[PDB]
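For what it's worth, the UniProt record's numbering labels the leading residue of the sequence shown as 90, then goes sequentially.
Everything on this sheet refers to the single structure shown next.
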Amino acid sequence: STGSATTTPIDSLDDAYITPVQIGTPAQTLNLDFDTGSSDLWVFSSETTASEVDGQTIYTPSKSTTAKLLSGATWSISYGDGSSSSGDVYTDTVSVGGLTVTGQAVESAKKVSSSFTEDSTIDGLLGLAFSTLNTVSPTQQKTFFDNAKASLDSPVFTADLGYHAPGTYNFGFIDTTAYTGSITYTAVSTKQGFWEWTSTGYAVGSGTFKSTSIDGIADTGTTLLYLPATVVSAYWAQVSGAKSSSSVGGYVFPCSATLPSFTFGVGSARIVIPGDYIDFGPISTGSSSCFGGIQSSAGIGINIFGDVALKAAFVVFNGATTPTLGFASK
Ligand SMILES: CC[C@H](C)[C@H](NC(=O)[C@@H](NC[C@H](O)[C@@H](N)CC(C)C)C(C)C)C(=O)N[C@@H](Cc1ccccc1)C(=O)OC
């Protein structure tokens, strides 16, 4: 079986992308944030504190005849952004783009963070990291991908984010129609449960490529590109006016300024993010400072290949036994 669904950004800066998902019987469609750096399927619901639901579509486990309590089961997550979600757990049929997974663990929030509450467009998250990270206790659960896998034609899913536009999530197959040239597969370390890979270097605009191993995760759940202090300085050094700021907490640039492109190496191949991808617009409305898309990783612990970077390539998450990450130009 395969499934394809349309992902659409939720705002003009493509701060995140949202995918329609059918949960329940009959079907309740929620828009979830597909998160390849998290292992939890969670959604706003019928139990969620009514002080923390503001415009989101809710999943009503009451109205699904396929829905049952996982009695005793419970979840809690912390995100890198400082996001916090928690509640009870149910088992339900979940369909994504016609790929139906029966008996999927759907994590019903009782409690959600400010961050999620101030976010009207997103109805929950669908984790597509490795199952080791799934939060649910006392009996830990598998992801939707983990559930789909053997049912799939191929144990893979592709990610094809658009820049100011829809893109696509495909499960079970590779559209040879969606990229240009060759896909370069690179080795994945599963050990921390991430889609965890090592980049072969970087170039700043038309400058000379530096060969240097940047260990990082592909995470479609992270908006920007997070890279070592060193790498980040070399980039912003090329934009007049760019400064790192105490108060704003990150690199900014005069919005009148011009972003050189950024190039990252996947093996022998190279991926250009156009400079336009790294403009995240003014820090506050009216401001002539604009916020950059490539930020230091120094304060997080890990380099994140976020949307900024992934949305410049056609990515393939090979969920094989010997998991492999594929990148191609599009
Ligand atoms: C179930 C745990 C998952 C794996 C959780 N994952 C994450 O935080 C990863 N991304 C989290 C999400 O992709 C988030 N950026 C998307 C939005 C919509 C919520 C980071 C590491 C790249 C994590 O490691 N959380 C850390 C907290 C943390 C992580 C990174 C940096 C700082 C602090 C924890 O404590 O485990 C609960």
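Ideal Cβ positions, reconstructed from N, Cα and C, are used throughout, including at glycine.
Regarding residue i and ligand 1, is the C-beta to nearest heavy atom distance less than 7 Å?
i	result
residue 143	no
residue 73	The structure shown does not extend to residue 73, since the chain is modelled only from 90 to 419, so the question has no answer here.
residue 167	yes
residue 232	no
residue 135	no
residue 310	yes
residue 105	yes
residue 127	yes
residue 306	yes
residue 338	no
residue 335	no
residue 70	There is no way to answer for residue 70, as the model of the chain reaches only from 90 to 419.
residue 176	no
residue 214	yes
residue 113	no
residue 396	no
residue 393	yes
residue 172	yes
residue 303	no
I believe residue i touches residue j by the beta-carbon criterion, under 8 Å. Please report the beta-carbon distance rounded to the nearest angstrom.
i	j	result
residue 124	residue 250	Going by Cβ atoms, the distance from residue 124 to residue 250 rounds to 13 Å, so no, they are not a contact pair.
residue 232	residue 419	With 8 Å as the limit, residue 232 and residue 419 do not qualify as a contact, their Cβ atoms being about 25 Å apart.
residue 137	residue 201	6 Å
Quick one: what's got a C-beta closer than 8 Å to residue i's C-beta in the same chain, skipping five residues either side?
i	result
residue 211	99, 105, 107, 120, 121, 122, 145 and 205
residue 330	342, 343 and 346
Quick one: what's got a C-beta closer than 7 Å to residue i's C-beta in the same chain, skipping five residues either side?
i	result
residue 367	348, 351, 381, 382, 383 and 397
residue 92	185, 186, 187, 188, 260 and 261
residue 114	153, 154, 155 and 182
residue 142	133
Quick one: what's got a C-beta closer than 6 Å to residue i's C-beta in the same chain, skipping five residues either side?
i	result
residue 184	111
residue 246	260 and 406
residue 409	244
Validate contact between the segment 144–155 and the segment 181–201 using beta carbons, cut 8 Å, 3 pairs: yes
Minimum length 3: unbroken beta strand (DSSP E) runs contained in the segment 200–286: The qualifying runs are 213–216, 245–249, 256–260 and 269–278.
4-residue-minimum alpha helix (DSSP H) runs that sit fully inside the segment 365–419, ordered along the chain: 396–399
Cβ contact check for the segment 315–335 and the segment 276–285: 3 or more pairs under 8 Å: no
Beta strand (DSSP E) segments (min. 3 residues) lying fully within the segment 145–206: 157–167, 173–185 and 188–201
Start-end ranges of the alpha helix (DSSP H) lying completely within the segment 300–347, minimum 4 residues: Taken in chain order, the complete alpha helix (DSSP H) segments of 4 or more residues contained in the segment 300–347 are 318–325.
Ranges of the beta strand (DSSP E) found wholly within the segment 94–124, counting only runs of at least 3: 106–112 and 117–124
Any 3 or more C-beta pairs closer than 8 Å across the segment 216–228 and the segment 159–178: yes
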